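Laid out below as structure tokens are two forms of one and the same protein chain, each shown alone and named structure 1 and structure 2.
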Structure 1
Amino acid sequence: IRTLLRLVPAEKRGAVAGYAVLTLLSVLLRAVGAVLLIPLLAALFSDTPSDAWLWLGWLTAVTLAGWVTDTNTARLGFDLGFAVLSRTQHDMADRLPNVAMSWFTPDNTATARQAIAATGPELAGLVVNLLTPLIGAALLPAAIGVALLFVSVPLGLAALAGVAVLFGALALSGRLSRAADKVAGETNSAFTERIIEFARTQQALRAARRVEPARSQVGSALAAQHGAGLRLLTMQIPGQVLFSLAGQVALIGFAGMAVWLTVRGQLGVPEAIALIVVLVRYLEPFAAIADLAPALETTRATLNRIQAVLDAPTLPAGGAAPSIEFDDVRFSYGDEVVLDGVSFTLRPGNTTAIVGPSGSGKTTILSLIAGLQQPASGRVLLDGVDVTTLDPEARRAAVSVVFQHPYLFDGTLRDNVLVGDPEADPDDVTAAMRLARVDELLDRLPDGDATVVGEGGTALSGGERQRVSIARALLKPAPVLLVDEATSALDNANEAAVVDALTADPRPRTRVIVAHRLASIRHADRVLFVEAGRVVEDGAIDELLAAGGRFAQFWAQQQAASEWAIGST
């Protein structure tokens, strides 16, 4: 397996060699211990049992050497387990900040969360709980088979050839057992999907007075499907029964072979009984592996998660208001294209609004500029410099963003705002707090900006959280500011804070805003109307309204939408 070897740090590539050679030494000592039953038992069942003392002396000497190598491999197992835990978690935590934001789909995020959180106690005990029993049980039937060659060549060939048959039975049993679980899971999911739809649309059905016809329809469908699916059952042996049957048949086959030799005179009776015991020592590891099928299945899953995270794609890498240029930009979330040949130049030092219907590609533009994502085709440039070719520190300092979601984290409110630039002076924080209109919120909080705003701290409303986020973006000294409007419906002060951020900031920098309502774009210098991933209209506020284009119609709808009253016009 290649993923597990990749987890090994460079420090422990030596200790893995010691672990491997001592694991082989352990398997050889167990095999010699099992084959030492051939003379020990053959003398125990003989006319003179007293000849068994010598082979018990060698057996216990092999046993003590077995314990010494077994504790050393366990010690190296615990050391490798902790080293693998620290190595993978730290390398996995260092990987993700460099990963492109396209990778973080909900399913990919689920694996990354699983790989980080649920792999703690498992990786620490991976090698001791799984590899050492797995490797010892896998190599021991072949070790005993090879060792019996020195007792009898055809015997060792027969016992060694039986390893291939019995491992084949394990593989076939694994295939049948997993296919059965696949069918059992899928059939149940086919039965219950109608029930999930019935529970999903319950408000629609109940309010529409159709709940009972819909309930009967689903009940009839379930009844017919079960009646058809119950008759398809047939008397199948499961996977585990197949393997246990293969073990017993091997047991009776070897015992019958030993007795047949005894009747032919080719073996003595004590030696035949001893071979019967040793050929039970040989079959026993196959049962030991079958007990590791659940543990091996889970470990294969989590290592697949860790492989997925560690194989995530990473972005490449190399104070006046820069100009933002778009040239033939195309970007897609896999196959779903969101931008189709978009091209524009944001004039340096000016505020450009971005507007359009729901969906579209408005938010994707700001994520491209800030370096969260790299374009699939075309280029995004800052003063003629490609964003991808920028150094990591330069790109971090280049752009400031106000996100759709505030993304507040556990900490004090001032700590939530100081992350923009910790080197800023207290007066800079006060000024950024004033423009963001968070000083009004400090009057509500008991401790002011020192109050905790985390999950276990204070429950800030949507508008207040956005005003904290605006405080982040204004504080940062980046030569570019990006805005993505999202406010609580009632909080008009949030719109006032956004207006102040666009206008009241004395810092010289290019500004971009994705907007939803007219209160912010009214102060903008120009507007880009984006629909279906393309700029269907472009111009200034006066230019666009004079033209009476799509933006004018959008302007009319929103202005009307800001004036209605229920029970009247």
Structure 2
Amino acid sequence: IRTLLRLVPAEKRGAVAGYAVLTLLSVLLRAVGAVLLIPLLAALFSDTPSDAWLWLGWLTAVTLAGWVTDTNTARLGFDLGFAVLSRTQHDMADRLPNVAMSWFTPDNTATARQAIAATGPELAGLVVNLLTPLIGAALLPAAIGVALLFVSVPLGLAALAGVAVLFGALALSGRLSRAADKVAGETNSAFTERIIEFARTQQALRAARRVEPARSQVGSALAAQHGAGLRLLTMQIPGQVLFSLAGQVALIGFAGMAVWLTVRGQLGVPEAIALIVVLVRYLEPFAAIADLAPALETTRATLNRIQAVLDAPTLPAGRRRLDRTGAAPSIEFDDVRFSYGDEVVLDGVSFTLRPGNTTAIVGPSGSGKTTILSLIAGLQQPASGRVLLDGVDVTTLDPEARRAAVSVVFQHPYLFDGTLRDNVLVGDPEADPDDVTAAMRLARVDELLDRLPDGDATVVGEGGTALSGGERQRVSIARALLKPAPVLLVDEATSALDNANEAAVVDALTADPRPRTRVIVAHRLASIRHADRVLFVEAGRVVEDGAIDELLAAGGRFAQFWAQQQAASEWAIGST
């Protein structure tokens, strides 16, 4: 709840102290203004109203000091709101790149996007729209209770002790309201969950001629659930109604107590009237706090999202670095284990890749093939075991050395709004034009530039020319080739309709002059025909390991996979 203290930067900490002191002063001035209605209204309703001038002067002196203090607190509130907005947004932006890729669940990604986007204008005026009214309304009843001690000790003690009862009633009302809203949402979701299934699977039901029995079943289920839900409705006071009832009861009860003291002769009639007015002033802030229920709930949700983003599991760091020679590193796996959850993706996979020798990772286990590349690249650490690069563990590797160690061709191109040369240059902006041209040639991007009107300067991606899959994959391959990483990782998820993209991948694998070890996750014959060795990953473990010809001669699972893929390449509908 109180996550806000860590959000404000250390620069504004003195301003936070000033804001807190001035908020306390504002509450005290408001309480003195409320309590000053005792002598003021006592004299006003007496036989000499002219005596009310002195207490009116004191009230209007407490006011204008209230205005000065509230102006200062509001100014500090706007200042702190802007500072918190800037600081939290920048800290959240800095945190995310260092977050492990395992944390980026679709729900986690949704919450992060909401935190970055929806929290723009809220935090600007959070402290001025929520914290100041909430603190003032929370401390004013207790401030009036304390200030009433000077008027009279037992009255002040009773007023201060009654604040706990009213806050308990307010908390109970909020609890009941939240429970009722949650139950209403859950019941509605339960009622409609049948229809969501009926709409999701509508093609299957319609094509199978089952739409009418399925609709009848869903309708009967809805009717039964509606009958059961309507039977259980019974008399219940809502939370808000209960709190309003509590406030009215407290007001009338304490007014009746004042009347009882008046008729018994302990208080004068003007004193009783003034006490009733101060009673209304004392019960007013609770209505203000109840009014801030939805805004407070929204701000609590936003702060929870920001805390969840900031509390993401950061990856570790290390001091050691790879050799600057840039030669091909030899990659080793030993007792490596990894799992997305209940299912195991890797179960003690262990292998060693010779330096500069291509390695092909194939098999039905789609997750495991990409997981091996992710572990090599360091995006996801292994649950058990070690990942090595020339006697250097990736977990202990320098983040800069890790960034400069591995180049990746992701399944998606991962482009952005900008020129094609800008997209390709991001792999290594410091490269000279000749190296960029060589990367474009090896990635077969020159053909795309011939196709495109304005050449490499053409705007691609989110604007300009909307490149297809076979073109954006070539752009990504150009990105990977341009970067002079000692290690290249290739993950083929290309649309099967492309023609020159396979040639580009083959050129990147074979025609690259850079002597770098290459690991490729491929499904197509041409890419893995050039691989020096192949790893057959199935059921989260390596089943076969060897050269192409050796595996084919052995006739193991890889031979069957080769036959299946070769047959799949020559597929034609309406023929053997």
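In this text, the rigid core denotes the largest set of C-alpha atoms whose superposition between the two forms falls within 1.5 Å. Shifts are known only where both forms have a C-alpha. Numbering runs along the sequence of structure 1, starting at 1.
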property: Displaced residue between the two structures, judged on C-alpha after the rigid core is fitted, out of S220, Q236, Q203, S358 (threshold 2 Å or more); result: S358
property: Large Cα move at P313 between the two structures, threshold 2 Å, rigid core; result: no
property: Rigid-core frame, C-alpha of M101, shift of 2 angstroms or more between the two structures; result: no
property: Rigid core fit then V337 CA moved by 2 Å or more between the two structures; result: yes
property: Between the two structures, C-alpha offset at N492 (rigid core aligned, Å); result: 1.9
property: Cα displacement of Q558 between the two structures, once the rigid core is superposed (Å); result: 0.5
property: Consecutive stretches, 3 or more residues long, displaced between the two structures (C-alpha shift of at least 2 Å once the core is aligned); result: 332 to 337, 358 to 360
